[PDB]
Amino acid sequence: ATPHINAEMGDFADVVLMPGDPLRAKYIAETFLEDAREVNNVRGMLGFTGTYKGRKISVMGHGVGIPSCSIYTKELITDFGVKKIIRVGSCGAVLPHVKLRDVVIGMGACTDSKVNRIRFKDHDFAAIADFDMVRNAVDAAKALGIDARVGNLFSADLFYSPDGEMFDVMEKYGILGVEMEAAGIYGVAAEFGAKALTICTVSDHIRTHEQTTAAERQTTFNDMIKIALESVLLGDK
């Protein structure tokens, strides 16, 4: 047991899927996992462990922001022997060619946070995902007929930033998606010798705004979870 996870070694699988909103953990468990059992309820962060095609897998939300996901990823890594962490969620896009519902795989993650500088002697730490995990995700997406975009994400500390101009800079340097965790999770993974990957679906633009329906989000979201889950299987093979 740990400060934020009321469970014992063995309760979580070596691979954990982590959605932003906690509510999605229960949904992932009953929609994609078989024989799911509850393994955590502290602070309302429901955790579940089950199997996907015989493969043991766990799922539990990580809350919003670098400080929150840094806590859970760390405890999962050092207290429950977790080897791989896959964050699944959404992001905003700044590039005109990146459309709503596109799938983005964060090979790297920029940030305006100071956590990595605190870890790296105030130098530039390239917060990156595990390469094999990125390629597994891309191939799994391909197998499902999905066109996945791979590149840099930007993990913001402030959803409501004072410097609106930074989005122009992000666009100029090819940032594919804007979210709030990747750089933090990649930092933790690097600090404790584990693997991580962030997968996001474009939720909106930071220019204008396309209009759709939850019907065009349901299975697009399901597509993302499918990608994450199938990518783990390719990783094992």
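Note that residue numbering begins at 1 and tracks the sequence as displayed.
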{"item": "Of 177 to 185 and 206 to 214, the one with larger mean CA B-factor", "value": "206 to 214"}
{"item": "Of 192 to 200 and 55 to 63, the stretch whose C-alpha atoms average the higher B-factor in the entry", "value": "55 to 63"}
{"item": "Options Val138, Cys110, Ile77, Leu100 - largest CA temperature factor per the record", "value": "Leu100"}
{"item": "Third of the chain's Cα B-factor distribution that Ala129 belongs to, per the entry", "value": "lowest"}
{"item": "Where the record places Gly151 (Cα B-factor, split into thirds across the chain)", "value": "lowest"}
{"item": "Among modelled residues of the same chain, the CA temperature factor third for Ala25", "value": "highest"}
{"item": "Assigned third (lowest, middle, highest) for the C-alpha B factor of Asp157", "value": "lowest"}
{"item": "Record-listed C-alpha B factor of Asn40: chain third", "value": "middle"}
